[PDB]
Structure formats: C-alpha cells, structure tokens
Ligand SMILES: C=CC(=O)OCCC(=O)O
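Only one chain comes next, encoded as structure tokens, the form solved without 3-(acryloyloxy)propanoic acid.
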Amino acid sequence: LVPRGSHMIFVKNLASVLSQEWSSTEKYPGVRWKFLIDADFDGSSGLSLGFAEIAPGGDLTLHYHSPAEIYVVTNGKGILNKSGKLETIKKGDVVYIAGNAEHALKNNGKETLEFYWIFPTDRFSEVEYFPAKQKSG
C-alpha cells in the first residue's frame, strides 16, 4: 500500500530533476538549489539531500540549525566561516557541521562553488534554521 524497503531505492541526478525549478531567494543573489532526496518529493526518510550552486561573489551568511549537516564539495572553491574562524574548502572536500553550529559559506573564487548538502531529516522543510545574530543592536 506504501512503498518500503527495496521498492524505495532510487537514483537521482540533475537530469532527473530537470523539470523541478531551481530554488532561490531574492535575499541571496547567486545561490540556487534543487532537492534530490527529500520526503516532500520522494517519500524517502531518515536522510535528505540537495544540490546547491553558489555563483562567484555569492554569500550564505552566518546561521545555524539544530540537525547536524554535511556538505560534499564537488566543484570550485569557497570560504567556510566556522563562527569566525575561516577555512578554505574545495572540490574533493567534505564538511561536517555540528548541530547548532554557526556557519556560513562564501564563494570568493572565479568558478561556481558546487556542493551537495545532507541532513539526518526526512525533508528539508522540517529543518529549523536561524540567523546567527539573534539581536537587533
């Protein structure tokens, strides 16, 4: 009645999701993403994954969210802000972001910064995401 087990094995790639529009927000010019493994699209559970592109100059500013997260960097170079301490990331790297850790990603290179993100959640839309500032002045 409901797919489970091997009935719910599937393969995705960007071509698979050609007819899903890129997601983006006015506040983050130069950042766009698509959802590849997500319960709002697939019915999967336990892990969710998307693919993101940060154009040159793009900036995903300091924030945090309760679940742990992984980035898998597949192209380009970026600057990871580990709550003040900067580290370069590049193709071939993976990144672990502990739960509730303040972090940000900036592309100061000339190529697009491309990466997957993964959460231990059924869907992205369950993630509670907050700006790091938590004050007005």
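Residue positions are given as counts along the sequence shown, with the first one as 1.
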- Given the B-factors recorded for C-alpha atoms, which segment has the greater mean, 21-29 or 124-132? 21-29
- Task: On mean C-alpha B-factor from the PDB entry, just flag whether 80-88 or 41-49 is the higher one.
- Result: 80-88
- Name the residue from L36, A101, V95, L60 with the greatest C-alpha temperature factor listed in the entry. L60
- Tertile call for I54 (CA temperature factor, within chain, third-based) is the middle
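The same protein also exists as the form deposited with 3-(acryloyloxy)propanoic acid bound; that form is not shown, yet it is the one meant from here on.
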- Message: Quick check for you: of 81-89, 67-75, 106-114, 36-44, which stretch puts a non-hydrogen atom within 4.5 Å of 3-(acryloyloxy)propanoic acid in the entry with it bound?
- Response: 67-75
- Message: At 4.5 Å between heavy atoms, is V95 in contact with 3-(acryloyloxy)propanoic acid in the entry with it bound?
- Response: no
- Contacts with 3-(acryloyloxy)propanoic acid in the entry with it bound, stretch 19-45 (heavy atom within 4.5 Å): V31, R32, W33
